[PDB]
Structure formats: C-alpha cells, structure tokens
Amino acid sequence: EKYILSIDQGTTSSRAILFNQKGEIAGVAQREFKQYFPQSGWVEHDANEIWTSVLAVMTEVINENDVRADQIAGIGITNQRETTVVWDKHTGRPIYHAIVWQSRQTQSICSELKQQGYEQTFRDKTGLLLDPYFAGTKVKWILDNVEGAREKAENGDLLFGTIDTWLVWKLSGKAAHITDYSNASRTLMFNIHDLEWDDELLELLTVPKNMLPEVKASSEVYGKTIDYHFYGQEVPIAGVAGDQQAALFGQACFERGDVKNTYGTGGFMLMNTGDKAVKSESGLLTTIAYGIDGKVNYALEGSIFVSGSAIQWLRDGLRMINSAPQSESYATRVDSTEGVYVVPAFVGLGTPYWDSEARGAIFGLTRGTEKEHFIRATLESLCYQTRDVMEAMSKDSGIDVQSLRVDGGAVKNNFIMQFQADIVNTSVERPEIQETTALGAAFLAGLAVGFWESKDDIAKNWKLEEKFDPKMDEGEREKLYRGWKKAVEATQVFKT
C-alpha cells in the first residue's frame, strides 16, 4: 500500500499529512516555529527553523503512523506565499531571516517606487500592487540592508526563493531550484500575462536575474528527495503551489465561478476565473491559480492579513486565553459585543482597503465592556472582513455567491461559522476534511506520479460536515456591518 506525503509549511506551523489511495488522512504531524517581531509591523521567520520543522513533521508522521518511507509514491509541497528567503548557493544557509508575507519592513521601498509612478506598471504586469506584502521588495530589502549581500549577489553566490523553492532546494539536495506559476505570481517580479520574469520589474527592484529559479507547472516531477533527507529513499517531489491556490484546488474549484475561503493566519478567498485573467476594480488581486495539464488557470483573490492570527494574539500577545478554541467559550457567553469592534490591521489593511500604514485598533469600549465582549469582538472580525472582500468580489465578478465553502484552522469554531453565515446572509459549508491545502498539494503530486488518474476524485470525495444557515434579519445585520465600516475608517485615521 502506497501513500502521498503532503507538506503544508504555513505561517505559524509546519504540517505533514499522509493520504491513502482513497484520499483519507493516514496521519498528521504538526510543529510550530517561532515568529519574530523585531520592530512594530515587522514579521520574520528563521529559514533554518522552518526547514528543521518541515523535516520534523515528516519524520513524525512516518513514525507515529506506522508507514515506511518506501511507501511514499510522491511528495507535495504547499506553502505560505510571498515569504522571501535568500541563501548562499554553496553553504546552503540563509544570509538573513525570512521576511514574512505579513512584514511591513519594506514600506519605504514601496513608497519610493509608488512615488515614481511605477505602481500602475506593477498592477498591469503582476496583477498585484506596491504593498510590502509581496516578495519583490523583500529581496531588494535584503540586498540593500544586509551587509555583503549586494556583492555576493553580483558574484552569483546567492539564491532567491519563496518557501516552496527553499524547501524543494534543501529536500532535493540542491538538485532543483524551482517554483511554480502560483507562487511566482506573488513575487512582483513575474509577469503573469506572458508568464515569465519581467526584466523591467527586476531592474526596477534592483534584483539580479541569476538569483531567480525556474518557473514550472504546479503538477510536475521537479526531482527527488536526497536519501539522507528521507530515510534513505529518493521519493519524487511532484507538486508545488501556494497554500491558498492549493486550497482552491483542494476544494474542487476547477473552473470559473468556483469560490472558496480559507481561515488561517490570514483570511483568503479565491475564485477560479479559468484561463482568462480578470482585472479587479474593487481591491482584489489578479493572480495565477495553478498550472496543470498544459493549462494555466487564473483567479481573483481577496486578502485579509490577520484572521485567525488575531486569536493567536489574544493568546500569545495579551495572554488573555490559553488556546484558540477557548475563545469560543467567551464569545458564546454574551448576546453581543455591545458596540465593541476590533480591527486587526496589525500589518495594515488588505482587500479592499489596501492600507499599509493602518494598524490594529479597538472601538466602542465602555466601562461595561469585559473579556466576553472583547474576545467575541475579535472573533467577529474574521467575519466582517470576509464580507468586505466577499462584496468586493461579488462586484468584480458579477456573480453572487450563496453558499461559500470554507476551510482552515479556525473553521472548526462554530460561532465564527454561524456569525459568518448571519453577517453575510449566506450559507457556509464546512467539509469533513478541512485540511484542503494539504489535500490539494497531495493531488498535484499524486496526479503527477499517477497515484490518481483524475482530479475529479477530489470533487467526489468532498463530504459536507456541516452547513450553516443565516439567522439574523437585515435590521441587525446592516447595523452591525454599518458599524464595522465606521470602525475601519477610524482605524485609517490613526497614522503618524
């Protein structure tokens, strides 16, 4: 009996999942790694700790689930997008921390180009915009701030790569330095319209072309694992794609109209737009969904920087709760937040505001406000934000979603699901297997090595765990939303 090992290197933890022929989870292993906040707005990881974590979950899932390494037909790698890494080709070590997709430490770089009118250029080519959110400015940051980098890059001693690249490069023993369309399209360097590194964007980002990896399809055998990194086995690595794109795939969203929403560190709703890249006029991102079978699908994306990450904050920042699940208890202990709103713009505001300078704020507080209200308010933010992007997309698409499929870590919190159904007046469908990112990447690989004959097995296996129906008249609905919007304005007013 064979299996497909999937690695989901997320923003706050790494995960290894085994899938049997039937598309069931044969095992799961998870390890968190440190998050660094050196200065307000900044967010960084330690590339070496990420590697060792991914290397850890693998070893774990194999041992704890009684399955040989020689039973892995293939490996799929899906990851936190944009997070940049720059290492020494030879010593194989990062020359500096990985600047996470959330970090605002490249703001000035953006402001420079933005002030030179180049934003429009980046929008027309990358389908993105000039926000510190994307890989491009992070490389430039490293080459301009990290001593020696500039000259090491000129001597062809350095390599760039988003997490997908970083992992595959290490796992294959430096055999392959590649990335797929989806990941590449989130770098501000890749021209998503002609599908190739844009020379102009590179010069404009003062980034050498020798550091870039080869851009390949999302379901292809990029190589094999080196024996010592996989228990003496050379297992093929045949799947790569950004976590959210892989989730899209995992939800069986293969053509126009298909929309899904993921609640992880951040909140991300993507819609498959087929092979016709669609331009957004409401603050959505135009990006590549995935490359498979000679085709290249595009998609519209709505990005929320902080979603579940706001609960983690309640836990690690304010030490107000011990675990994410505990939050629900408080939230369900009060009829409402009684006027209190929480805008988690910890790293600016994404779709549709796109405000890098905005920071987390809280409003409507009164002597009577207590934990229950405060925590509940935080939980509700994941919903108010989803609506923000949901309506923004409903207008750039014209399509009107009526039953959204969800997934991610936070989707198991029932209050969040019901309140989401209510606040949007739409049904929310939660799957039996909520780890769709993992599942998605597993298929990109399984299909590439013939573990599965067709992607449709995914649509067929999808099982609804529970649907959530709206239970809140307009009266209250729009009142609450009306207030959220005011809360978001006020947030934007606070800037120094």
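In case it trips you up, residue 1 is the first one in the sequence shown, and so on.
Mean C-alpha B-factor is higher over 395-403 than over the other stretch, the pair under comparison being 395-403 and 168-176. Within the group 99, 277, 163, 304, the record's highest C-alpha temperature factor is found at 277. Per the deposited record, the Cα B-factor of residue 318 falls in the lowest third when ranked against the other modelled residues of its chain. Remark: residue 477 belongs to the highest third of its chain, ranked by C-alpha B-factor as recorded. Among the modelled residues of its chain, residue 331 has a C-alpha B-factor that falls in the highest third, as given in the PDB entry. Ranked by Cα temperature factor within the chain, residue 287 sits in the highest third according to the deposited record. Per the deposited record, the Cα B-factor of residue 389 falls in the lowest third when ranked against the other modelled residues of its chain.
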